**Q** 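Next up is a structure, given as C-alpha cells.
We use all heavy atoms of the structure for the numbers below, so side chains are in, but hydrogens, waters and symmetry mates are not. The chains referred to below are lettered A, B, ... by the order of the sequence lines, with proteins before strands, and numbering in each begins at 1.
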There are 2 protein chains.
Amino acid sequence: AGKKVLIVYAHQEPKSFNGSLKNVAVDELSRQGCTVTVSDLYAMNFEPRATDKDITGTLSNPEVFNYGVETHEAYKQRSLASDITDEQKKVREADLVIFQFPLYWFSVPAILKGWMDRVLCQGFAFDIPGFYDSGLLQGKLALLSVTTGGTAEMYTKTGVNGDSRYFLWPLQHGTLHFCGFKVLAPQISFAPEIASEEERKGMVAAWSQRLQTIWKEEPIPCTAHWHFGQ
Amino acid sequence: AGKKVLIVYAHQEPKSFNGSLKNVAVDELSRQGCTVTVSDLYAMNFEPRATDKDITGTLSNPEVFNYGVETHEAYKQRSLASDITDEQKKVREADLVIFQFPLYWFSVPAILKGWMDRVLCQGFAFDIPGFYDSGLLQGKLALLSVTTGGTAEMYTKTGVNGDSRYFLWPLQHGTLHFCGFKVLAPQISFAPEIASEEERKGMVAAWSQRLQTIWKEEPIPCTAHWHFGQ
Ligand SMILES: Cc1cc2nc3c(=O)[nH]c(=O)nc-3n(C[C@H](O)[C@H](O)[C@H](O)COP(=O)(O)OP(=O)(O)OC[C@H]3O[C@@H](n4cnc5c(N)ncnc54)[C@H](O)[C@@H]3O)c2cc1C
Ligand SMILES: Cc1cc2nc3c(=O)[nH]c(=O)nc-3n(C[C@H](O)[C@H](O)[C@H](O)COP(=O)(O)OP(=O)(O)OC[C@H]3O[C@@H](n4cnc5c(N)ncnc54)[C@H](O)[C@@H]3O)c2cc1C
Ligand SMILES: CC1=CC(=O)c2ccccc2C1=O
Ligand SMILES: CC1=CC(=O)c2ccccc2C1=O
Ligand SMILES: [Zn+2]
Ligand SMILES: [Zn+2]
C-alpha cells in the first residue's frame, strides 16, 4: 500500500521559492509512487472569511450567530459549504499534510489561516473532549514548510526575532497537534531572497533530499519544552 | 491635544460577547471625549487575501509577482488599493489601536490576519531601517482584546493550552512591536460562553473600568522573557 499526501500551498507567484519547494515535493513524492494532491489556495481563490455562508441549512440559533456552534452542527448535518467539505475530503484521506507557505507576521498568510479556521471545524478535526493527543485527525502526520524573510541568526534565542520555534507554537501545538496530527520537524528555508542562487538551490535540494526519507521520520515532541526550552 | 482610538473589530454577530466588548469600548472612550473609529471587518467584508489586486497600476515587475515588493512600491507610489489605504489613514491618525477578536487557533481570525497582512505593509508599518523599537508606527499604543473558548486554568504554563503569553508572541512581538507599537497588557476574557451571566458582566465591566485609566497605563516590556521567562 502507498501513502496519500495533501500539500496546502499558499503563494501567489508560481515562479517563487515557495512554488519551487512545492513543485519539488510533488515531483519527489510522485516519484516515490505516492498519491499527491495540492491545494493552491490563491489559484482556487479560497475563502478565508468565516461567515454564515459556510452553512447551507437552517441555523441552529439564527438569533445569535455563533460560527463554532453553527459549523459543528452543519458538519454533522452535512450542511457545510462545498469548498469546506472538499478540503476535508483531501485531509481525511491524506496520510501526510504539508503546508507550503511564506512566513507572514510570524504566522501563516491570511488565506491559509482561513483554510485552517474553516476546514478544521469541530466534529471533523476535533471534539470536546477529543483534541491534542485524542484529536480526531490522530494518526496523520503534519509538516510545515516555511520560507522566511529574516536570516537564521535573526531566529535564535538571542536573535532580534527570537527562536524560530517560538512562532511555531500556535501552528504546531495550537492547531495541528490540537487536531490529533503528529508533527514532523518543520522545514524552514531561511531568507531565500537574501541567499545566493547556489544557497537557494541548496535549500531546494535539502527539501527534496529530506523527502526521500520522510516516511521513516519520527514526530517531534510537541511540548512547551520543545518550543521554549526551559 | 485629545486622543484618537481605532478599534479593529472582528466578529460576525453584534449580540456576541465580542460585540458587547466593542460597544462598551466605544461607550467609555466616547464618554471620555475621545475620537473613536471602528473597523467592523466582517461588516466591511474586508479582503484578507494578499493578491496583486492590492496594487493599482503597473506592477514593478509583472513577470514575477512579489507581494512585499509590489506593496512597498505601491505604498510609496500611492498605488495601493483604497480599502488598504483607508485603514492606513485610520491607523496613522490613531493614538490607540484596539483589536477585538475571539481566539481562532491560538491566533486572530483569518479576516483580521488579512488586515495585518495587507494594511501593515512595508513603507507604512515598517522598513529595512526601522522595525521593532524603531518601527514606523512607533509611539502609538496597541492592545489585544481577545476572548477565548478555553478557561484560564487551561492557559497556564502547566495547562493543556499552555501559558497565554505563548500564543501572544507572534501578535504582540512579531506584529505590533515589529511595527513600533507600544503594547499594553492584553485583555483576555476567558471562556465567556462557559461563564455565568454574572461572571460575564464582570468581564465586560472590568473592560470598561480598565478603559477609564488606559491612558495612564505603562506599555509591557515586550521581550521574549516576558512571554516565556520568569
Ligand atoms: C505580509 C508579509 C509578512 C511577512 N512576514 C515576515 C515575518 O513575519 N518574518 C519573516 O522572516 N519574513 C516575513 N516576510 C517575508 C516573507 O517571509 C518572505 O518574503 C518569503 O518567505 C520569501 O519567500 P518567497 O517564496 O516569496 O521567495 P522569493 O521572493 O520568490 O525569493 C526567492 C528567490 O529565489 C528564486 N527562486 C525561485 N525558485 C527557485 C529555485 N527552485 N531555485 C533557485 N532559486 C529559485 C526566485 O525567483 C527569487 O530570486 C513577510 C512578507 C510579507 C509580504
Ligand atoms: C475557528 C475557531 C477556532 C477557535 N480557536 C480557539 C482557540 O484557539 N482557543 C480557544 O480557547 N478557543 C477557540 N475557539 C473558540 C473561540 O475563541 C470562542 O468561541 C470565542 O472567544 C467566544 O467568544 P464570542 O464573542 O463568540 O462569545 P459568545 O458565543 O457570543 O458568548 C457570549 C455569551 O454571552 C452572551 N452575551 C452577549 N452579550 C453579553 C453581554 N454584554 N454581557 C453578558 N453576556 C452577553 C452571548 O449571547 C452568549 O450567551 C475557536 C473557535 C473557532 C470558530
Ligand atoms: C516581520 C518581518 C521580519 C523580517 O525579518 C523581514 C525581512 C524581510 C522582509 C520582511 C520581513 C518582515 O516582514
Ligand atoms: C483550540 C480550541 C481550544 C478550546 O479550548 C476550544 C473550546 C471551545 C471551542 C473551540 C475550542 C478550540 O478550537
Ligand atoms: Zn503540541
Ligand atoms: Zn516586543
**Q** Is any side-chain heavy atom of B:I128 closer than 4.5 Å to a side-chain heavy atom of B:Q122?
**A**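 Side-chain contact under 4.5 Å: yes.
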**Q** Would you mind reporting whether A:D117 and A:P48 have side-chain heavy atoms less than 4.5 Å apart?
**A**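 Contact flag for A:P48/A:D117 side chains = no.
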**Q** Can a donor-acceptor pair be found, under 3.5 Å and without considering hydrogens, that links the side chain of B:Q32 to the backbone of B:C34?
**A**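 No: the side chain of B:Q32 does not pair with the backbone of B:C34.
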**Q** Is it true that the side chains of B:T51 and B:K53 contain a donor and an acceptor less than 3.5 Å apart?
**A**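 No.
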**Q** Identify the two heavy atoms, one from A:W105 and one from B:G174, that lie closest to each other, and give their separation to 0.1 Å.
**A**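 Nearest pair, atom of A:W105 first, then B:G174: CE3-O, 3.2 Å.
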**Q** Go through it in stages, so that I can follow the logic: the residues are A:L144 and A:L176, the test is side-chain contact (heavy atoms from CB on, under 4.5 Å), and I'd like the CA-CA distance, side-chain angles, deciding distance and then a yes or no.
**A** CA-CA 10 Å; A:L144 304 176; A:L176 306 174; 3.8 Å; yes
**Q** Over all heavy atoms of both residues, which pair between A:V8 and A:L112 is shortest? Give the atoms and the distance, please.
**A**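 Closest approach of A:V8 to A:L112, heavy atoms only: CG1-CD1, 3.5 Å.
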**Q** Of B:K89, B:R49, B:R118, which meets salt bridge (charged side-chain N to carboxylate O under 4.0 Å, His left out) against B:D83?
**A**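 So the option named by the test is B:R118.
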**Q** Is the ring pair A:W169/A:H173 parallel, tilted or perpendicular, if the boundaries are 30 and 60 degrees?
**A**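 A:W169 and A:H173: parallel rings.
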**Q** Applying side-chain contact (heavy atoms from CB on, under 4.5 Å), run through B:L120 and B:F178 and close with a yes or a no.
**A** CA-CA 10 Å; B:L120 306 182; B:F178 193 85; over 6 Å; no
**Q** Just how far is it from atom CZ of B:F17 to atom NE2 of B:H11, taken to the nearest 0.5 Å?
**A**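 Going from CZ on B:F17 over to NE2 on B:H11, the span is 11.0 Å.
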**Q** Determine the minimum heavy-atom distance between A:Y75 and A:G123, stating which atoms define it.
**A**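 Closest pair (atom of A:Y75, atom of A:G123, distance): CE2-O, 3.1 Å.
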**Q** Does a donor on one side chain sit under 3.5 Å from an acceptor on the other, for A:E73 and A:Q77?
**A**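 Note: A:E73 and A:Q77 side chains meet the donor-acceptor criterion.
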**Q** When you check the side-chain N and O atoms of B:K113 and B:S107, is any donor under 3.5 Å from an acceptor?
**A**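 Looking only at side-chain atoms, B:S107 and B:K113 do not form any donor-acceptor pair under 3.5 Å.
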**Q** Parallel, tilted or perpendicular: which one describes the rings of B:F228 and A:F228, with boundaries at 30° and 60°?
**A**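 It falls in the parallel class, under 30°.
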**Q** Please confirm whether the backbone N or O of B:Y42 pairs with a side-chain atom of B:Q12, one donor and one acceptor, at under 3.5 Å?
**A**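 Judged by distance alone, no pair lies under 3.5 Å.
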**Q** For the residue pair B:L168 and B:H227, establish whether any side-chain heavy-atom pair is separated by less than 4.5 Å.
**A**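 With C-beta onward as the side chain, the pair touches.
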**Q** Are B:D27 and B:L211 side-chain neighbours, meaning at least one heavy-atom pair lies under 4.5 Å?
**A**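 Counting from C-beta outward, B:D27 and B:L211 never come under 4.5 Å.
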**Q** Of the non-hydrogen atoms in B:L21 and B:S189, which two are nearest, and what is the gap between them?
**A**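 Closest pair (atom of B:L21, atom of B:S189, distance): CD1-OG, 3.8 Å.
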**Q** Determine the minimum heavy-atom distance between A:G149 and A:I194, stating which atoms define it.
**A**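 Where A:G149 meets A:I194 most closely, the heavy atoms are O-CD1, 3.8 Å.
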**Q** List the steps, then state whether side-chain contact (heavy atoms from CB on, under 4.5 Å) holds for A:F124 with A:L137.
**A** CA-CA 8 Å; A:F124 171 66; A:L137 305 183; 4.1 Å; yes
**Q** Check whether any side-chain heavy atom of B:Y67 sits under 4.5 Å from a side-chain heavy atom of A:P109, and report yes or no.
**A**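 No, their side chains stay 4.5 Å or more apart.
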**Q** Is there a donor-acceptor pair closer than 3.5 Å between any side-chain N or O of A:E13 and the backbone N or O of B:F65?
**A**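 The answer is yes, because a donor-acceptor pair under 3.5 Å joins these two groups.
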**Q** Do the non-hydrogen side-chain atoms of A:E193 and B:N66 ever get within less than 4.5 Å of each other?
**A**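 A:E193 reaches B:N66 side chain to side chain.
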**Q** Side chain of B:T175, backbone of B:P170: donor and acceptor closer than 3.5 Å?
**A**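 Yes; judged by distance alone, with no hydrogens or angles, the pair exists.
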**Q** Is the A:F167-A:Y155 ring centre distance short of 6.0 angstrom?
**A**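 Centroid distance A:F167-A:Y155: below 6.0 Å, so yes.
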**Q** Tell me which donor-acceptor pairs under 3.5 Å the side chains of residues 156-164 of chain A have, and how far apart each pair is, sequence neighbours excluded?
**A**
| residue | atom | partner | partner atom | Å |
| --- | --- | --- | --- | --- |
| A:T156 | OG1 | A:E153 | O | 2.8 |
| A:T156 | OG1 | A:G159 | N | 3.1 |
| A:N161 | ND2 | B:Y132 | OH | 2.9 |

**Q** Can you tell me how far CZ of B:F101 sits from OG1 of B:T147, rounded to the nearest 0.5 angstrom?
**A**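 B:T147 atom OG1 to B:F101 atom CZ measures 8.5 Å (nearest 0.5 Å).
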**Q** Can you measure from CE (A:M116) to OH (B:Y104) and round to the nearest 0.5 angstrom?
**A**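 One gets 14.5 Å once the value is rounded to the nearest 0.5 Å.
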**Q** Going by heavy atoms in the side chains, are A:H72 and A:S60 under 4.5 Å from each other?
**A**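 Side chain of A:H72 against side chain of A:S60, heavy atoms only: no contact under 4.5 Å found.
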**Q** Does any N or O in the side chain of B:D95 come within less than 3.5 Å of the main-chain N or O of B:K4, such that one atom is a donor and the other an acceptor?
**A**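 Checking the backbone N and O of B:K4 against the side chain of B:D95, a donor-acceptor pair under 3.5 Å is found.
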**Q** Could you pull out all residues at least two apart from A:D40 that satisfy salt bridge (charged side-chain N to carboxylate O under 4.0 Å, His left out)?
**A**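 A:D40 satisfies salt bridge (charged side-chain N to carboxylate O under 4.0 Å, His left out) with no residue once adjacent residues are dropped.
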**Q** Please confirm whether the backbone N or O of A:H225 pairs with a side-chain atom of A:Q230, one donor and one acceptor, at under 3.5 Å?
**A**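 Such a contact is absent between A:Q230 side chain and A:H225 backbone.
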**Q** Taking it one step at a time, do B:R31 and B:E28 satisfy salt bridge (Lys or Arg N to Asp or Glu O under 4.0 Å)?
**A** CA-CA 5 Å; B:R31 174 200 134 300; B:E28 177 53 46; 2.8 Å; yes
**Q** Does a donor on one side chain sit under 3.5 Å from an acceptor on the other, for A:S145 and A:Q100?
**A**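 Short answer, yes.
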**Q** Apply side-chain contact (heavy atoms from CB on, under 4.5 Å) to B:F106 and A:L171, showing your working.
**A** CA-CA 8 Å; B:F106 281 21; A:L171 300 170; over 6 Å; no
**Q** Within a strict 4.5 Å, meaning less than it, do heavy atoms of the B:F99 and B:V108 side chains meet?
**A**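 Answer no - side chains too far apart.
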**Q** Thinking salt bridges, do B:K90 and B:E87 make one under a 4.0 Å N-O criterion?
**A**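 Yes, charged N to carboxylate O under 4.0 Å.
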**Q** Going by salt bridge (charged side-chain N to carboxylate O under 4.0 Å, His left out), name the residues that satisfy it together with B:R165, two or more places apart in sequence or in a different chain.
**A**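 Partners of B:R165 by the salt bridge (charged side-chain N to carboxylate O under 4.0 Å, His left out) criterion come out as none, since no residue qualifies.
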**Q** For the atom pair CD1 (A:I84) and CZ (A:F46), what is the distance rounded to the nearest 0.5 Å?
**A**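 Interatomic distance, A:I84 CD1 to A:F46 CZ, rounded to 0.5 Å: 6.5 Å.
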**Q** How long is the straight-line distance from CG of B:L80 back to NZ of B:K76, given to the nearest 0.5 Å?
**A**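 B:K76 NZ to B:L80 CG: 11.0 Å, rounded to 0.5 Å.
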**Q** Return the CD to NZ distance between B:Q138 and B:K140, rounded to the nearest 0.5 Å.
**A**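 Answer for the CD-NZ pair, B:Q138 versus B:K140, is 10.5 Å.
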**Q** Looking at every non-hydrogen atom in both residues, tell me the closest pair between A:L96 and A:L184 and how far apart they are.
**A**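 Closest approach of A:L96 to A:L184, heavy atoms only: CD1-CD1, 4.0 Å.
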**Q** When you measure from the side chain of A:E70 to the backbone N and O of A:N61, does any donor-acceptor pair fall under 3.5 Å?
**A**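 The answer is yes, because a donor-acceptor pair under 3.5 Å joins these two groups.
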**Q** Can you tell me if B:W226 and B:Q172 form a side-chain donor-acceptor pair at under 3.5 Å?
**A**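 Their side chains do not contain a donor-acceptor pair, so the 3.5 Å distance test is not met.
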